[PDB]
Every structure is written in structure tokens, then in C-alpha cells.
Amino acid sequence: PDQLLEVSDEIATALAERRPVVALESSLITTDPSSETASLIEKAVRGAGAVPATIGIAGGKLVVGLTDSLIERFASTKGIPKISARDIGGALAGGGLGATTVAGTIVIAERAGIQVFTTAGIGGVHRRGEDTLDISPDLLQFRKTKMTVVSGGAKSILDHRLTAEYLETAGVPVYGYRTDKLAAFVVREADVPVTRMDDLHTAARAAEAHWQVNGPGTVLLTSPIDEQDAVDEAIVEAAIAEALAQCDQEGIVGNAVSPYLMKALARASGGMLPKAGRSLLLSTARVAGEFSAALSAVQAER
């Protein structure tokens, strides 16, 4: 009898039957209201038998699997605040609409009984973070919340190596799917060695064993963008470095720099960034559903 959880029938049953469920951040429905994107991700997850679970906050409730009605508002309403783990309390108390970030979502996902969550890119150590200390709450949320997060590594505007170092310090397992290098978002690789996992059944058995030993906490699973859709590393690096020089002469610091680089990157891809991002998103999502199916099967042995 949970007062805060709002779970749809399909997801409730799936969990109640130890069937696989894959959590998704509300952002995906917010950005593209057209069936084009939302329907394709759902398609990619359902393929392996996993139930897609889009998570949001609405009317003082932690909604797991938004209704068609709620999907409408998240598309129409413009001023919906981004909610990480720390913003949840206020977001509920306010009773408005809350678009949950990576950190915020996995907390709710765990509470609902969901064990797998997916996104194109996670947060991490911002570039110049060693000085600025701008670090996503995601990384320390992974120490607390039991989950497997399936992504393509950290968002490209971040410092990939420093992020890997921070996660190593924080003791978060990082597995590379059929790869031994860390996935660098739209770029395929970063010069960072990760523990290879060629089989998802094996990988699901590594996480299960991890939770039995280290207790609750996130297993991070990286799946790099298909090489046919990958963006050249040198293109991304020189574009960011140049955009940083503009902020040096203009004199921009803090979380004003962050959205600058995001949109400066969109130009330098030749307008190919959205298609590369969407391509990764889909390949990643497909993997998550497959893993979640594997994980449910491993857990169904005991």
C-alpha cells in the first residue's frame, strides 16, 4: 500500500511476475511528442520482452509508466523543471510536473522494483571539474541505488577520463559490452579500459553477484554507438575546445558554459548529431531490454 507510487497495470503485473522491465527518463517523451521517437524506443525495448517504464513526477506522485493524458502535458507544458534525486522531495510537495533526470529516475525505478534503466548518455565529471568541481549527482547516486544503468557512457560535453576515475574511486563497476574501451557517447571510444562482457547472461550474473556482495548500488553498463553511425572523435574534440575559447574571451563560467557547449556541438556535426544521438539511444535501449530479460532469467533460478 504505497502512497507515493503510481504504477500502470502492465508494469505492475510484469514486476509481480518477475518479468523484465526497463526504466526510461521522461525527457524522451518531453523532447519529441511525435510518435516517431517514443514509439521506436518502446519498440526497441519490447523486442526482447521487456516492459518499457517511463518515469515522471505529477501531482505529488511518483508516476511509473505515464498515461496518454500525462504524456500530453509533458509535451505541451514548456516550463517543466528537471528533477534529480535531491529535488524529488520539493517536486512532490509542490504537486507540479517533474521531469526526472538520470539520478532522479533510478531512485524512483528502484522504489518501484525496477532493476534496469537506460539512457543515451549519463552525467559525469564536467570538463575542468578538477578545478570547478562541477560533477553530476549521478555518480554518487550510483553508490546508493541498486540498478543496472545501460548507456553509451557519459555525454560528450563531459570529461570522460575524469569521470572514469571518479567512478573507480566510488567503486562503481563499469562493464563494456563486447568492447574493452569506454564508450564516449556519439564518439565510439575514449582511451579508457573497461572490463569486457561479451555475453549479457554472463554480465547479468556479474551484477547479481555484485549486489549479493557489495549490497545495493549501480552496475554501469556501456554499449558504444554502432560504428556506422559513430562521430569522429577529432571533430568533437576540436569543436568543444574552440567553444571553450569563446567562453574564455567572453568570460563565461559555471552552468552557463554547459548549455553553450551543447548547442555549439550541434552545429559542428553538420546537423548529424540528432541522428547520431537517436541511433545510439536505440541501440542502447535494445541492449537494455535484452539484458533485463537475461537478468530476470538469472534471478528466476532462485
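One rule holds for the numbers: they count along the sequence shown, beginning at 1.
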*Of 168-176 and 195-203, the one with larger mean CA B-factor*: 195-203
*Between 112-120 and 225-233, which has the larger average Cα B-factor in the PDB entry?*
225-233
*Of the options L62, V51, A48, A268, which has the highest CA B factor as deposited?*
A268
_By the recorded C-alpha temperature factor, relative to the other modelled residues in its chain, which third is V298 in?_
middle
*Can you tell me which third, lowest, middle or highest, the CA B-factor of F142 falls into for its chain?*
lowest
*Quick one: classify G79 as lowest, middle or highest third of the chain based on its Cα B-factor.*
highest
*Which third, lowest, middle or highest, does the CA B-factor of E208 fall in along this chain?*
lowest
*Taking the entry's C-alpha B-factors for this chain, is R73 in the lowest, middle or highest third?*
highest
